[PDB]
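Undergrad: Got a structure here, written out as structure tokens. Questions coming.
Cβ coordinates were reconstructed from backbone atoms using ideal geometry, including for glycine residues, and neighbour counts include every protein chain displayed. Each reported figure results from applying straightforward, stated rules to the coordinates on display, with no laboratory input.
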Amino acid sequence: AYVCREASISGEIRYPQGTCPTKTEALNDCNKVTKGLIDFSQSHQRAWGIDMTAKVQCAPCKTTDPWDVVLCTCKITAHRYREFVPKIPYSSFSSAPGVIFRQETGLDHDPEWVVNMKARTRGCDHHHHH
């Protein structure tokens, strides 16, 4: 059979000036892109598989500063990613529904799937029992 690998993709989500998301809502937003990616993967021959999980970090809001824009880094990890399938670019899915994160502040390039070459290969299909 084919082996999959772990992969992650990172992006930024910004908030309206003078506002402040709870960590909960930020993770929730981030999980909108999780769902988005699972749907795209799904309709694209499960290139990224369907097992994805999200973590998020935000800057502290400034209670004070009124033109404060809070930046969150959203990071989705795909657990049964097919590195043997051609690499799908951000340009192909940045419009897709749920895909609300964007190029990161300070980064001169787009969000990209990054394969974790240190993690152990795993099945491409999940098996619930045996």
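Undergrad: Looking at the range 24-45, which of the residues that are among the β-branched types (V, I, T) and free of Cβ contacts under 8 Å to residues at least 24 places away in the same chain is farthest from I76 (Cα to Cα)?
TA: Taking the candidates together, the pick is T24.
Undergrad: Quick one: how many residues across the range 69-80 are surrounded by 17 or more Cβ atoms within 10 Å (Cβ to Cβ) and part of a loop (DSSP other than H, G, I, E, B)?
TA: Total satisfying the criteria: 1.
Undergrad: Are there any pairs with C-beta distances below 8 angstrom linking a residue in the range 97-125 that is free of Cβ contacts under 8 Å to residues at least 40 places away in the same chain to a residue that is surrounded by fewer than 12 Cβ atoms within 10 Å (Cβ to Cβ), with the two at least 6 apart or on different chains, and if so which?
TA: Within 8 Å, the pairs are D110/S91.
Undergrad: Please count how many residues of the range 87-111 are part of a loop (DSSP other than H, G, I, E, B) and of a type in the set (S, T, N, Q).
TA: Of the residues in that region, 4 qualify.
Undergrad: Taking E104 and the conditions (1) over 25 Å from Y2 (Cα atoms); (2) more than 16 Å from the chain's Cα centre (by Cα), which numbered condition does it fall short on, given that it satisfies the others?
TA: The number of the failed condition is (2).
Undergrad: As an exercise: evaluate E83 against (1) under 17 Å from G123 (Cα atoms); (2) not in a loop (DSSP other than H, G, I, E, B) and give the number of the one condition it does not meet.
TA: Tallying (1) under 17 Å from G123 (Cα atoms); (2) not in a loop (DSSP other than H, G, I, E, B), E83 fails exactly one: (2).
Undergrad: Ok, one more. Which residues, taken from the range 1-60, are loosely packed, with under 15 Cβ neighbours inside 10 Å and in a strand (DSSP E or B)?
TA: Residues satisfying the conditions are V3, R14, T53, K55, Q57.
Undergrad: Test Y81 against the criterion of being touching a strand residue (DSSP E or B) at 6+ places or on another chain (Cβ under 7 Å) and either of a type in the set (F, W, Y) or free of Cβ contacts under 8 Å to residues at least 12 places away in the same chain (or both), and give yes or no.
TA: yes
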